[PDB]
Amino acid sequence: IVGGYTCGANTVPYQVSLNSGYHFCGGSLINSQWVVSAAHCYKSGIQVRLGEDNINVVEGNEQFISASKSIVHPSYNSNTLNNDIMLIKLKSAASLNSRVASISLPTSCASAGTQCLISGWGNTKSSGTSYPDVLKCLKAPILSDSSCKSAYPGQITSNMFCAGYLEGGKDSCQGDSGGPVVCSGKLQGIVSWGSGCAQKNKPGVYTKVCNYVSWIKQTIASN
Ligand SMILES: NC1CCCCCC1
Ligand SMILES: [Ca+2]
């Protein structure tokens, strides 16, 4: 997260770290046994880490649970990044409490202008590289479809939205991939892609979760 702030330990209880020997992506806990992330985060040997603040220190609220299965969206295209969503099932159900909690799926899509909370352990620099270890947060508005399409000609599908600031300075970045965009208590977005981080006229692009609620529920119901 570039241009954000320190969330505070366990203040974002649905935020997970995906670990394969190291943090490589964020995710969102959506029930006791399932996490939503980005398809571009797919890899084998995933351990889901819940209740994290400092990802390099065991602080006492963590639950580490190995993934039993990963399900990338059937129509994920790794070239265009269309349908950038994946589900991860935990080998065992997490113990839900005030610091490890699920986030609600949307019942309706969010509109341009809605303020959202974006979070993660990614790079905090727009040019250099610095990784923070504690969870960072950013409040950002959803941008209009027209401004999003104008920012990225020929690249924005109906399954993507832009959020952030056209002036630059505030954005999600490398390592925030797969993490939450939460607006009014609903998971509306997944950190997906962009051209660099926090660059002028290049806001972050996010997977439009409201398009996938039916798929998420049917998939969970049968797996
Ligand atoms: N806003 C994006 C975050 C996902 C990873 C690519 C960098 C830019
Ligand atoms: Ca920790």
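Residues numbered from 1 in each chain as written, not as in the entry; some residues may be left out. Chains lettered and ligands numbered in written order. Heavy atoms only, no water.

- As named in the PDB entry, the chain is Cationic trypsin, taken from Bos taurus.
- The deposited PDB record carries the title "Crystal structure of Trypsin complexed with cycloheptanamine".
- On record in UniProt, under Subcellular location, the comment for the chain is "Secreted, Extracellular space".
- Note on the chain: under the UniProt heading Sequence similarities, the record states "Belongs to the peptidase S1 family." (UniProt positions renumbered as here; feature names shortened; annotations may be inferred.)

### Things to note about the UniProt feature "disulfide bond" in the chain
Step number 1: At 2.0 Å between sulfur atoms, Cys-116 and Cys-183 form the disulfide that UniProt records. One end of the pair, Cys-116, is in strand β8 (residues 115-120); the other, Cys-183, is in strand β11 (residues 180-183), and 67 residues separate them in sequence. Both residues of the pair, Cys-116 and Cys-183, count as buried. (Disulfide = S-S within 2.5 Å. Helix = DSSP H or I, 4+ residues; strand = E, 2+ residues; numbered from the N terminus. Buried < 20%, exposed > 50% of the residue type's maximum accessible area, 1.4 Å probe, protein only.)

### Digging into the coordination of the calcium ion (ligand 2)
Step number 1: Within the protein, the calcium ion (ligand 2) binds to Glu-52 (OE), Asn-54 (O), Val-57 (O) and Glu-62 (OE); these donor distances fall in the range 2.2 to 2.4 Å.
Step number 2: Binding-site remark: the calcium ion (ligand 2) is held by donors from one chain whose sequence spacing is E-x1-N-x2-V-x4-E. For the pair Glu-52 and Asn-54, a shared accessibility class is recorded, and that class is buried. (Donors = N, O, S within 2.8 Å, 3.2 Å for Na, K, Ca; no water.)

### Some points on helix α2 (residues 213-222)
Step number 1: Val-213, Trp-215, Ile-216, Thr-219 and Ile-220 are the residues of α2 that are buried. The arc enclosing the buried residues of α2, seen along the axis, measures out at 165°, which places them on a common side. Looking at α2, the residues exposed on the side facing more than 90 degrees away from the buried face are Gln-218, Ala-221 and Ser-222.
Step number 2: Lining the buried residues of α2 we find β3 (23-31), β4 (34-37), β6 (63-72) and β7 (86-90). (Arc of directions from axis to C-beta. Contact = heavy atoms within 4.5 Å.)

### Topic: the UniProt feature "domain: Peptidase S1" in the chain
Step number 1: Per the UniProt record, the feature "domain: Peptidase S1" sits at residues 1-221.
Step number 2: Between the end C-alpha atoms of residues 1-221 there is a gap of 34 Å, over a span that is 7% helix and 33% strand.

### Comments concerning the environment of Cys-137
Step number 1: Summarising the element assignment, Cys-137 is placed in strand β9 (residues 136-141).
Step number 2: Spatially, the C-alpha atoms of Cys-137 and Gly-169 are 14 Å apart, while their sequence positions differ by 32 residues.

### Some thoughts on unusual backbone geometry
Step number 1: Despite not being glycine, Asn-83 shows a phi value in the positive range, around 65°.
Step number 2: Locating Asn-83 in the fold gives a position in the loop between β6 and β7.
Step number 3: Judged by its relative accessible area of 9%, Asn-83 is buried.
Step number 4: The backbone phi angle of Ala-198 is positive, close to 65°, even though this residue is not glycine.
Step number 5: Accessibility expressed as a relative area gives 9% for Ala-198, which makes it buried.

### Observations concerning the packing of aromatic side chains
Step number 1: Applying the stated rule across the entire model yields three aromatic pairs.
Step number 2: Ring geometry for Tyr-152 against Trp-193: centres 4.8 Å apart, planes inclined by 65°, an arrangement best described as edge-to-face. With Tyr-152 in the loop between α1 (145-151) and β10 (160-163) and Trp-193 in strand β12 (residues 186-193), the pair connects residues that are 41 residues apart, well separated along the chain.
Step number 3: For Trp-193, a relative accessible area of 16% gives the class buried.
Step number 4: Above the plane of the ring of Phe-64 lies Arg-49, whose end atom (NZ or CZ) is 3.6 Å from the centre.
Step number 5: Lying over the aromatic face of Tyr-165, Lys-170 brings its terminal NZ or CZ to 5.1 Å of the ring centre. (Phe/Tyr/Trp six-rings, centres within 6.5 Å; stacked < 30°, edge-to-face > 60°. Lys NZ or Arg CZ within 6 Å of the ring centre and 35° of its normal.)

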